[PDB]
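Just the one chain here, laid out as structure tokens, in the form deposited in one PDB entry.
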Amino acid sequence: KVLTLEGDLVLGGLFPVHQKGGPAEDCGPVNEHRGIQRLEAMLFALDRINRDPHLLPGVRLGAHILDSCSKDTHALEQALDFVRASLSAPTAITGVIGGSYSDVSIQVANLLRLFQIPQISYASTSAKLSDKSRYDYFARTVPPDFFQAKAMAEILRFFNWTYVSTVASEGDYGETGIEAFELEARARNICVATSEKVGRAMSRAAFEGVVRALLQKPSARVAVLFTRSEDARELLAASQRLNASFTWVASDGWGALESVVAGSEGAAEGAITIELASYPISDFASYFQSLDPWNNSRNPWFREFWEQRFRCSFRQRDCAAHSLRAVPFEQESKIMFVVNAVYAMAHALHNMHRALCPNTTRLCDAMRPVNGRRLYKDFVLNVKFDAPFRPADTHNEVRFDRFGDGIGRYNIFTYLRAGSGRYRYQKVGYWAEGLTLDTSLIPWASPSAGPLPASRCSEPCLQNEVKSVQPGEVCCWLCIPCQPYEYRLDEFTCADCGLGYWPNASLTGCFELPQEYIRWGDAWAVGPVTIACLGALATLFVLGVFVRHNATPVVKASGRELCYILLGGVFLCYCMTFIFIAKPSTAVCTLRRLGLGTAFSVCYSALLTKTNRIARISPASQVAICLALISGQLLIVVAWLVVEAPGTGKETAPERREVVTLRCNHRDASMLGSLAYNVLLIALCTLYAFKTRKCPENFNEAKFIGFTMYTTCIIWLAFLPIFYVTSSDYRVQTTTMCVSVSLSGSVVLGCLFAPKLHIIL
């Protein structure tokens, strides 16, 4: 059976009018939905094109439609006619509008690529047919099967669903879509946890095992499905038996079919299924509900179709009043694709005729030998016509791409639960180029009640609990609470810049701990002040007594200048000790410690000049020598300040903040020379006193000199190990130094008290 028409340009066709059948029959039963309705749609489109004055006004299109019988070998055998009609009365096939199954389309494209014959399919959705290296004359008006993977990936990204539990199928549908989805999920930072492969020959116990394997990962509510129509009902039944919710994001295999969810209502509620968008053709329904086996002689298979759908016989009068109008008729979901393919071929032919036959509207001599290469490359893949028979409000565009595939256009569905009615589907969005859903219509995966989460990687860490560790994970990262000794400088790890100082709110400024250099409160701050005040009062009383005793024969025998120098040094050291408990700075702490050292040196010089006269027994020579020594010591201290006095102190590593010091931090090295000079002077003075004190003059003041020599030296010898040991701890060092300075002054004050008592009495 061959359906042939007459026209200037003849268009081929391949429709599955008959099923596979098997080895019993040649082809078998007649397909009433995928072989008859699509063939009549092609015929109707060809008639409309022939009656269209704006589409090929002069050229009349023909038809050479054949039956593939749902077989690839039969398709090759039938396409051999298309080959040996243009190769070598055979018609002239300028292009075939055929191919409803992937294998038939692949075989036909493989055969027709060699002979340069364009082919536009209407129902073949596969990823292999997009390989232009093997099929470079194949086009289609339907999107391939890997666009829905992108659609569901975008859907998952919109709902922030990262942890998926996708289930694929076995065969050709799914065994490429799952890899396409996995490739398109990495770009959206979506990681797949568990992946099964449902097979066509598969036991129900295996389905139960698959569903149980879905329960192995607990926090995976979503599950992307690439199963076929018959491979999803079993999964739904198993899920219902195991009482799992398992919100589904399925491909076109589920769609809005009522034969896959019936009998398993309750477990599939809330699923997100996607179906290819298709609008009904108003004129096609009227055309199809007007045909009878008497006035329709063009179609050779209409006889068998009428005999099959209407159970009757034609050898004997059994059915004569049957009509298609009374019968309820539903259009095939891929009729608009068939008419779009036919119209695309017609538009390509018209564009070629305009670009090659500009003299007359009739087929000129130039276009008589139609070539497939130029028509496919420059005309077929460049059509931008509006979709015929489209809805008035809806704007539909028919165009191909670099790979010749159709334009992606999918409808997002949701399996709702009507309050008064039964279960039904409802469209909640679309996907033409970008994702678009009506979020305020999903009842079960609703935002008002909280959309279902699937991440399996929680984020309970905000600023201090962040660690971001992952034993072989890239999609998410678990954060482990780290010790507060670290800082959150980087959002990927606990930057332990310093264990002591606590970071700020931003946890970025890894520097010294912000605090105030304060250590004197009310515990012992008053006590040192009280001791200093008592020492100052004692010094003032001694000065007053000496002033009262200034004009006296007793004071004339002894050197008043030495006593005045000693009193001044004691006052200076007392003032330095009193002010040492103060906020350190550049000109405060170091100046005070230098003044204390100078006061100690002056006291040592005063003792030396008090004892040298006693040992001898020009007086101004000793005073000048002592003044020169004090000036030299002060100059040495000042030179130490200018050259080699860098001071900074802060404890950072062990549980500590910044030390309370500004410039008097490395003063131990600076004071080392002053300490050595003071020790040498004290040793010389003690030796001189030991050699001296033989002469009992000035009311035995040599006894007082020896008392000072035996007291100050002993105090220094006791304090030196204490000062060395206390130097390790900053807090201990300051108090010990102040106490030692106060005691050094107090020993001299106690020794000088006796002459004051004698003067008073």
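Numbers for residues come from their place in the sequence shown, where the first is 1. Take the two forms, find the largest set of C-alpha atoms that superpose within 1.5 Å, and that set is the rigid core.
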- Do at least a third of the other entries of this protein fail to model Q116? no
- Message: Would you say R488 is commonly dropped, meaning unmodelled in a third or more of the other compared entries that have residues on each side of it?
- Response: no
- Item | Continuity check for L80 and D81, given as deposited residues lacking coordinates between them | none
- Message: With respect to the deposited sequence, is there a break between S88 and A89 in this entry, and if so is it 1 to 3, 4 to 9, or 10 or more residues, or none at all?
- Response: 10 or more
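From this point on, the text means the form deposited in another entry, which you will not see here.
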- Rigid core superposition between this form and the one not shown: residue from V96, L129, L608, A123 with Cα shift of 2 Å or more: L608
- Item | Cα displacement of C738 between this form and the one not shown reaching 2 Å, rigid core superposed | yes
- Query: Taking the rigid core as reference, does the Cα of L183 move 2 Å or more between this form and the one not shown?
  - Reply: no
- When you overlay the rigid core, is the Cα of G649 off by 2 Å or more between this form and the one not shown? yes
